[PDB]
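Breakdown of the fold
Residue strings, one per chain:
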Amino acid sequence: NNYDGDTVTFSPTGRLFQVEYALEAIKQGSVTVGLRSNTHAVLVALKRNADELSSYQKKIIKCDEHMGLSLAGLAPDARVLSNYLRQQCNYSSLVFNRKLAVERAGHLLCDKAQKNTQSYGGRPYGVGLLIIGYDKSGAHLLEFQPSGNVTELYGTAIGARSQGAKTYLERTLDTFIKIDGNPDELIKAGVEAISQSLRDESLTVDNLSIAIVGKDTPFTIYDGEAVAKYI
Amino acid sequence: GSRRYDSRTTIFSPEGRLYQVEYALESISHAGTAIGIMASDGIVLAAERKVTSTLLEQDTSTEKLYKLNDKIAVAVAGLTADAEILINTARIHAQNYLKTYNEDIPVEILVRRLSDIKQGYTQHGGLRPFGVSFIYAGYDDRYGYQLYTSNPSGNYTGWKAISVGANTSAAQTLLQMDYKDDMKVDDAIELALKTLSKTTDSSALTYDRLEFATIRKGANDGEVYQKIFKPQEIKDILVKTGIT
Amino acid sequence: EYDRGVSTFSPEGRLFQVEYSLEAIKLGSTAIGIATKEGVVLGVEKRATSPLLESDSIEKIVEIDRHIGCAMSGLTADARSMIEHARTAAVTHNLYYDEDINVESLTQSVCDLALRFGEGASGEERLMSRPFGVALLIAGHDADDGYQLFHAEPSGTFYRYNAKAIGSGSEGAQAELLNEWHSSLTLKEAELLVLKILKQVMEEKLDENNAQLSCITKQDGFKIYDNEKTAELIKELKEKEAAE
Amino acid sequence: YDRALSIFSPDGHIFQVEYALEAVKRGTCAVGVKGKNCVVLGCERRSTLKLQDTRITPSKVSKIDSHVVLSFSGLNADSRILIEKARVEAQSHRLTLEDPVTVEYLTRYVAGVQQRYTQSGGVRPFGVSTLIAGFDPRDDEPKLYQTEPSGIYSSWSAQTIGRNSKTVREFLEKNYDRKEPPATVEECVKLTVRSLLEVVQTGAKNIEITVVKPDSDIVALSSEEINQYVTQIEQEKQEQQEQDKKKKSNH
Amino acid sequence: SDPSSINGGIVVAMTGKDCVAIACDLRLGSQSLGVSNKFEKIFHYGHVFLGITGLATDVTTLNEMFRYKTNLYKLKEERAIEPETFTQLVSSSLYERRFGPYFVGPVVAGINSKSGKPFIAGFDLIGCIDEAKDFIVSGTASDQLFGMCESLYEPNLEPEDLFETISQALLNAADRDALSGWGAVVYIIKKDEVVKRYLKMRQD
Amino acid sequence: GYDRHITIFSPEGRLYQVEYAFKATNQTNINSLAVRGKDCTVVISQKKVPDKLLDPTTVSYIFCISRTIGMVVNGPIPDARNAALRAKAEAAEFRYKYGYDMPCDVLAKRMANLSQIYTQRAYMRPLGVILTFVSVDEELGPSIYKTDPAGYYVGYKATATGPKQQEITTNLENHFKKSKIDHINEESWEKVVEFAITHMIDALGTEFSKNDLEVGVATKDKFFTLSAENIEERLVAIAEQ
Amino acid sequence: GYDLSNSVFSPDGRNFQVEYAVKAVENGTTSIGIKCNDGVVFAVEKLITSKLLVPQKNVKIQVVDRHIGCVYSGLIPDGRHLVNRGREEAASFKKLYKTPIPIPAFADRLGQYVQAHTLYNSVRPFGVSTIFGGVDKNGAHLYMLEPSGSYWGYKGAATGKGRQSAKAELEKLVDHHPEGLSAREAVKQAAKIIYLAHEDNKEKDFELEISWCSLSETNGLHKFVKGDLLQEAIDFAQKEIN
Amino acid sequence: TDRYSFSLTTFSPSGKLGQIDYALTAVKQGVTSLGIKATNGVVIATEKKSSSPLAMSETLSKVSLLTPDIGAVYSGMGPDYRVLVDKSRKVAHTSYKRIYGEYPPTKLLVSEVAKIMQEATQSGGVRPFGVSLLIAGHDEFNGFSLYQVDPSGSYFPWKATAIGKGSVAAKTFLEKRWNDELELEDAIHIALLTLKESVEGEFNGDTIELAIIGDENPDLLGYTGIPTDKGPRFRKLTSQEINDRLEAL
């Protein structure tokens, strides 16, 4: 603790060690893997129970009817970002008779985290979101790091055992991008990707959670009998 | 950072007591003697100045006796500079009461208000307090003459005679062994002087290092008269009692 | 330390301050809660530490409203703040919509309150530099999910539970909860099952001056069972250990 | 200023709370015993000190309401703030709600003052534990509560706080039975005098007794009055020791 | 109503030879109803005399307002305030509530203790120094008073000649005035001695 | 140890923290020489242009405050921009509320006060720059007042600042012994510039090019900088002498 | 040590906390700036970390005003907040004076903001260098902005790993044209020195981005280089370095 | 956030307050100043010493005017004096020139500035001023008076005193040289003779700043025909005036 319990100092290697440390909060959380083609985006989250009499924790939050965010880190830290993303999405509908886009929303959120990490008595947040949505420009899937880094991909993952998921996605790359207009196949390819984020824990209907939005599809969260389809 | 540089001096030690309240008592012992004795015709406050010097003017000085209001004045033991902030709060406070209820302030409210102010400064903020102890000579019509000492964290406790300041333990003992409840102002003047004389921090007790103030009910119309003596009237009584 | 922050990290990736809070639910008095679809039974160890303590006006059962109950375990100075906020939230919902508040929604509000440590993160008012140190067992009955029982941590995270035990004896208590619970249980077999699990982690003897039952039912509201009934149930449990 | 002065401790403690319980051990001792027709709070008055005019000394038992009394232990500097705050509360409840305060109403308020500065940053809590006793209006059920620096409160039938509180509590187990309290005002009064003459000592001077009765009646019983009761206690004690010496000789 | 025609009031003041005099009536009304034939509108802090006219409430409101400020000066600087220094004080104080003001006409009268000179001064509601060494009259029959006091006045008056001019001037305005009369009291203010003497007059 | 880390008095009655500001102007290698004329105030200063890829005409150390008072900054350039903004504002403020432009003396006192509050505040770092204000007023004449981060100022007949300012101080001191006056006498403003340049070439021993000087001349009721075109006339004209 | 805050200072004229923050930019991406007669040509190397990534779909060039491209290297989230800050200051200038903000003027405003965090204990300074310029009625300009809130005029700038390599090539290019070159022509030279400065990142692979504000072509507004024009620039650099 | 709202002045364990002693160290390593009270004026006097040989010293006022009748002079630090001389002037105008439209008593003024000092040892963002002041003055209600403000924010009245690094020599010098009455002429000759052994060089009138708060001057009044308004009791002495008094030794 010369720079290690201090959210205001630099940090002899151009870092802050607290941003590296907030990234272990994602490790201690579960895993979610997202993939998009061009006509659908998909989040597939692994939910986590606290014991067999304990329910499972929902890891997909609906933000809009064309937007949803998923967490794979701390839940009270995911409650800040969720509130904020929802406020700016409704604003867009009310004032400009517009829909909000993921790209733009990644930048509003970037700046929000930055200015709390600038402050002393602040923190770099203990969560990472993947934010999908289908807007005016098509699908977007952005990956939000505790650093705030937004990058636009066709497939990404966050959580534990994410490196193995990204191996899945580097193979299936041109398969999934060229399925367009058949929502079924994309969703089944995110189940198997996240089967390479397992330790052989298997997937049950109450561990597997899908939520999708297409061009012609709402943001809808699938669970129960509506995820047994896609296995 | 900003937390790095934090005092943390307004918290307790494992004793369940603040670091700052204890520090303040040491410095109130550095400060010159101030004593109160309560006669049945008044209250004698007698203060010895902390400093004395060759070219120092102690003849326009009233550096230990201060009028808070007309019937309540104080003797000061501690830091002089510190005592002055609390002095002008007490003046406001007294007038505010006189302002609203059209009646002179009881002593009881006046002591307590100053106790609170010291208490806030030890409570929160990392702030230092005002380490001062006041000896209040006051009159009220609901309990006669009333006498009080106050402590650095703001607490008041009743007395019939008390001493705070330099060589407090030695002084306070001479006051206990002599005290009678039937004492008048004339006796009380002489006792106070003799006690100051046996605990002087020079080699004598002289008018130029003495301040003397009394509150008399023997005054015109049977009313309370606050009289803060000139150094030549302090010189006059000193020669009567035979120290000089 | 990495708790001398207000939201600092902590090489592990989690707070320090949160971890300590969770070991101050081990300063609690065991609160056990069995949720069934015929009601939710809450039993609590009141704790009697003196025979000079008035222990029958001590309960760890607290009424949020008629259709929502809560049982608290841990450090109970923290808990006064959390239960007050929940009472208003429930009452606010019936103001704006004239409606019965979700047990799920209510639990979520009290989690929103729990995150308040920081002095520079987010975009809300901060009146804590530290987290809470107490966990809740929110039961209730809503018309969309039926009977529910939720366990809220002072972290700001919550799970719906079929059965949970928190307190000092939480580890051994939950160990029995896993084996004996089934979904064929009803309001009364659940009710004597609580008193069995509590009995091991009881440190005096099971009696009506250290133990209090309460249910929450749809058709009666929140009813805290009178000592005569609480005493009866304690005796008919022991008669099924006399039946072994 | 928003820098924490109360933090979660690594023991699952608060630092300030261990310190605050220790400020209450070092202070004054208030013993609380409730009758069947009264409550009685006797507190140790400092008047060990020589040369003290006691008319002007602030009492250590302060009435908040016409039928609710407040006593305290710990730092005396810190205590005035609770008493000052409580008086405003009593009158605020009459103003806006009708009726004087209840005992229950003040029990949660005082607990909330101590709690707030515990949890909050940039504030430490007081070193003060209090006894709130009295009656509720249009009731005649004796209420005896204790509030503590943590922000916690509990009911009691008899209690004691402050210095050599352990010694007092141990006496009170065999002499105060939860089932039958003392049924008369004098025996309730006298039980608190017997506890106080253990630790406080030195006549009735340093001993105080406040009695509150149903329907708004607070009376303060002076040192003088208390002396009468000592003399009866001394003959009762002395005589009971004599008849134990005679049985022991035979047996 | 008017805030300045609701209980009347006049204060007269004159200078003499090594002396001043101030005097008021005793009539305190609430509109047309007479309430009392007793009420001083004259007050004194040390050797300075404040007559305050106008509005009922503002007589008291300004009187304890200057009660506070007089204290501060005496306790700090250990002397009683001078007539001239008081006049400045009053000027600045009246001006503080510029909009919606103090509803009064104070009149300042003393004899200095540093040079031994008479000093008088006047003010409106907003307040502006109206210096004289003649006479300062204020109130509602202030108009009446201005003519009557002139007719009588002679520069320099023996303290009981002084007493003849002010008694007469005050009583005559005040028994043609609706909100004022009902008794009168004249102070003859000498350097070291004040006599407060009431006047018998029309109580009607 | 905190009397070298924030601003509290050491047992020696000092603030090393204050000191550390004066040692920072000396890492940027800029020297200045400022002389009062007879109809002007001249200030000449180093510019460093070490790359082709730096623009020379943009780079500046002479910042124009008032239309009478120029400001020459010796030491780190972030703190320069902050002080120029604050000094212009204050001169403008005075023009706005008093109806004449701030005198030099008084601009020096306003920044001096501000510099003393930043060394009183422990969550605020003072300015690290040494500011010379030069002017020709008709309230005071030719003027030099040099404020410093300590909060101290005095007027001057002349001054130099920079790491090597002890050599410039020797040349200037001798020049007022011989003349027998506290300012240079000459009736052309151009020539007062040239004497100043001579004394700088002598002091440091280095001859200047047109893109290593930036020259400010305050004449009567205007302050201007000479462009690199005009500086070259002056540097040929020193040989002619 | 003297890095505990920034109201500490060492006798050295250095402060340590501020020096550390330039070390973050020094592992950044190559970003260059070429000052031309008509304008300015910005170009920035965008690292392709994976094949999951979409090339030319995230930009590091975010427009400020209508005619100042701003492009940054160092800490990407931090730099995006600093650029966000100077868009609020640009809208305030257009509302207030009814004219687009001058480049020297916009440069001044940014300097102040970043200056401030090195005065107050309670905020964390910026760790980016920004490369910005455009064309206004003061002419074409180019400015580079340190983490220390310093700017000067520039006829060549670079920042990133390959800041050494880039500068060395820009010097031979001002000796090639000591009377300056077109902004259209500087498209082809912008790519070239990125290729040369991608031999400090030849552990990785890159995507080429170029943007311009030129008086000669786009009527003085900052627009992007893309399509066939970008690919001439790709081809120019390619044939020379091979 | 701010957190600098804790005090930078605090108590030491074995009494006193350490921070105000450190500030006074700056006074006994400062410049030296002294004040002799006459029965017909006060002289206050100080040494000027240059930072460069090309510096001026008639562009610096080490003795400054607060109001026409009350002047002030420092020992200690310069910077600290610059800011504090302005706060004193400002408080002398808000509190007696909006409220009584005259110049305040000298006893009162000294008190008011001591409050500013006292509340500068309080809270963060402020640690005390590195000066002790002499506030020499005349009012008409307490006559002539002399004070010394300490960085404590305490004051003491004096009959003649000195502050600065020759304080210790100086008050001992004044013990023989001062007497119960003094003429003003002769008070000037005492004050220079004291400051003569406390300067290590120049002693001309262009190096010694001398000001008297002697008697009223109807030529520095700037208006006439009002005989109730007295001329300024302060008069700064120009160099030629001081040179004469040099020859009178």
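For this deposition, the record names cryo-EM as the technique by which the model was determined and cites 5.4 Å as its resolution.

1. As for the interface of chain G and chain B
The interface of chain G with chain B comprises 5 residues on the first partner and 4 residues on the second. Each partner contributes to the roughly 340 Å² buried at the junction of chain G and chain B, and carbon and sulfur atoms together form 35% of this total. Here chain G is connected to chain B by 0 salt bridges. Where chain G touches chain B, the interface holds 3 residue pairs in polar contact. Its residues placed into classes, the side of chain G that touches chain B shows 2 nonpolar, 3 polar and no charged.

2. Some details on the interface of chain D and chain B
Taken together, the contact between chain D and chain B spans 36 residues of the former and 39 residues of the latter. In total, about 3300 Å² of surface goes out of reach between chain D and chain B, with carbon and sulfur atoms giving 55% of it. The interface formed by chain D and chain B contains 5 salt bridges. A salt bridge links D:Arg80 to B:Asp116, with the shortest nitrogen-to-oxygen separation between them at 3.0 Å. Counting the contacts that link chain D with chain B gives 12 residue pairs in polar contact. Residue assignment for the side of chain D that touches chain B shows that the elements contributing at least two residues are α1 (15-25) and α2 (76-97) of chain D. Sort the elements by how many residues they give to the side of chain D that touches chain B and α2(D) lands first, with 8 residues.

3. Here's the deal with the arrangement of the chains
Most contacts, compared over the 17 pairs of chains touching, are made between chains B and D. Spatially, chain D is disjoint from chain F: no contact exists, and the shortest C-alpha separation is 13 Å. The two units chain E and chain F are non-contacting; their minimal C-alpha-C-alpha distance is 24 Å.

4. Observations concerning a nonpolar patch on the surface
Together, A:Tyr91, A:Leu94, A:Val95 and A:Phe96 give the surface a local cluster of nonpolar side chains, amounting to about 450 Å² of exposed area. Along the chain, A:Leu94 falls in helix α3 (residues 75-95).

5. Some thoughts on the packing of aromatic side chains
Using the criterion set out here, one finds 34 aromatic pairs over all chains in the structure. Both rings, one in A:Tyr222 and one in A:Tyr230, keep their centres 5.4 Å apart while their planes meet at 25°; by these two values the pair is stacked. For the residue pair A:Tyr222 and A:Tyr230, the accessibility class agrees, reading buried in each case. Through successive ring pairs, a cluster of aromatic residues spans B:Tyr5, F:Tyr2, F:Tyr123, G:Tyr120, H:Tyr4 and H:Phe6.

Rules used throughout
Residues numbered from 1 in each chain as written, not as in the entry; some residues may be left out. Chains lettered and ligands numbered in written order. Part of a larger assembly, values for the part shown. Heavy atoms only, no water. Contact = heavy atoms within 4.5 Å. Buried area = accessible area lost by both parts, 1.4 Å probe. Salt bridge = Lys/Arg side-chain N within 4 Å of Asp/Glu carboxyl O. Polar contact = N/O pair within 3.5 Å; in protein donor to acceptor, adjacent residues only side chain to side chain. Nonpolar A, V, L, I, M, F, W, Y, C, P; charged D, E, K, R; others polar. Helix = DSSP H or I, 4+ residues; strand = E, 2+ residues; numbered from the N terminus. Patch = residues over 30% accessible without salt bridge, like charges linked within 9 Å, V, L, I, M, F, W, Y side chains within 5 Å. Areas by Shrake-Rupley, 256 points an atom, 1.4 Å probe, with all protein chains shown as cover. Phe/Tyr/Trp six-rings, centres within 6.5 Å; stacked < 30°, edge-to-face > 60°. Buried < 20%, exposed > 50% of the residue type's maximum accessible area, 1.4 Å probe, protein only.

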